[PDB]
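First, one chain by itself in structure tokens, the form deposited in one PDB entry.
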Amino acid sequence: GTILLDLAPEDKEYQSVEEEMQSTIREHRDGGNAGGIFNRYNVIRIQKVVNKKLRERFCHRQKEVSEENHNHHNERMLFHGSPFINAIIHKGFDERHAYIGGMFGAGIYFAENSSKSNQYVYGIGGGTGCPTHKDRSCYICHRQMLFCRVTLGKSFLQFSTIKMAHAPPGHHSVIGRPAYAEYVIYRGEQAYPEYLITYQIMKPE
């Protein structure tokens, strides 16, 4: 069982999570075709995810990664947008659902920028938009994304669009660069869905 703990907007933990969410919005070449047209979000609530078994898989895998990377797990807080968010908070990240069409191959993707993860809340290319109004730029429906603990360990920095089924020897993750940085992991137990964020994209005035 998963427990969702509501963080209060007065909490420094909440202020930190939203600040990171708001401050990392940037412009995309698709002119917001996938995620929608916005300059800001409207944060409805932020919740801490608590699952005893998913923390066991994650903490077990950190120990393994640090032994292979000189007592350093190189953990980063990264965004994740998925049409599978409900299955992640209950059963965890699963590499059997890796993004086949990814630039850096069949792995699990994470963004530094909330704007990039927002383009995947409804699927690849914004899917067919929100389930109610079939709108990729819907300002009514409450969207969701995760702010995750990601054990990167030894990252392999990639620049070319080279499809990899697994990380290169000695490495635990792949960082791809050219408009923004993409973080790829090949093991589901290398991310923990720390925060579940419920928000809306805002129609500019």
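The term rigid core refers to the maximal set of C-alpha atoms that superpose within 1.5 Å between the two forms. Quick note: we count residues from 1 along the sequence shown, nothing fancier.
Undergrad: For the other entries of this protein included in the comparison (both sides of the residue modelled), is residue 43 absent in a third of them or more?
TA: No, modelled in all of them.
Undergrad: Note whether residue 34 lacks coordinates in a third or more of the other compared entries that model its flanking residues.
TA: No, modelled in all of them.
Undergrad: Can you tell me how many deposited residues have no coordinates between residue 169 and residue 170? The categories are none, 1 to 3, 4 to 9, and 10 or more.
TA: None; the chain is continuous from residue 169 to residue 170.
Undergrad: Got a sec? Mean C-alpha B-factor, which is higher, 194-202 or 4-12?
TA: Going by the record's values, the stretch with the higher mean is 4-12.
Undergrad: Quick check on the record: does 66-74 or 42-50 carry the larger mean Cα temperature factor?
TA: For C-alpha atoms only, the mean B-factor is higher in 66-74.
Undergrad: Name the residue from 108, 111, 89, 103 with the greatest C-alpha temperature factor listed in the entry.
TA: Reading the PDB entry, the winner on C-alpha B-factor is 103.
Undergrad: Based on the entry's values, in what third of the chain does the Cα temperature factor of residue 61 lie: lowest, middle or highest?
TA: Ranked within chain, residue 61 CA B lands in the lowest tercile.
Undergrad: Compared with the other modelled residues in the chain, in which third is the CA B-factor of residue 147?
TA: CA B-factor rank for residue 147: lowest third.
Undergrad: By the recorded C-alpha temperature factor, relative to the other modelled residues in its chain, which third is residue 25 in?
TA: Highest third, going by the recorded CA B-factors of the chain.
Undergrad: Just say lowest, middle or highest third for the CA B-factor of residue 189 relative to the other modelled residues in its chain.
TA: Within its chain, residue 189 is a lowest-third residue by C-alpha B-factor, going by the deposited values.
Undergrad: Ranking the modelled residues of this chain by C-alpha B-factor as given in the entry, is residue 134 in the lowest, middle or highest third?
TA: Answer is highest: the recorded C-alpha B-factor places it there.
Heads up, the form deposited in another entry isn't pictured, but that's what we're talking about next.
Undergrad: State which of the options 26, 166, 163, 48 undergoes a Cα shift of 2 Å or more between the shown form and the other one, taking the core as fixed.
TA: It is 163.
Undergrad: Taking the rigid core as reference, does residue 103 move its C-alpha 2 Å or further between the shown form and the other one?
TA: Where the cores coincide, residue 103 still shows a C-alpha shift between the shown form and the other one that is 2 Å or more.
Undergrad: Since the CA distance of residue 100 and residue 82 differs by 3 Å or more in the other entry, is it closer or farther than in the form displayed?
TA: Closer: residue 100 and residue 82 approach by 3 Å or more in the other entry.
Undergrad: Using the form shown as baseline, tell whether residue 99 and residue 131 are closer or farther in Cα-Cα distance in the other entry, where the change reaches 3 Å or more.
TA: They are closer; the C-alpha distance drops by 3 Å or more in the other entry.
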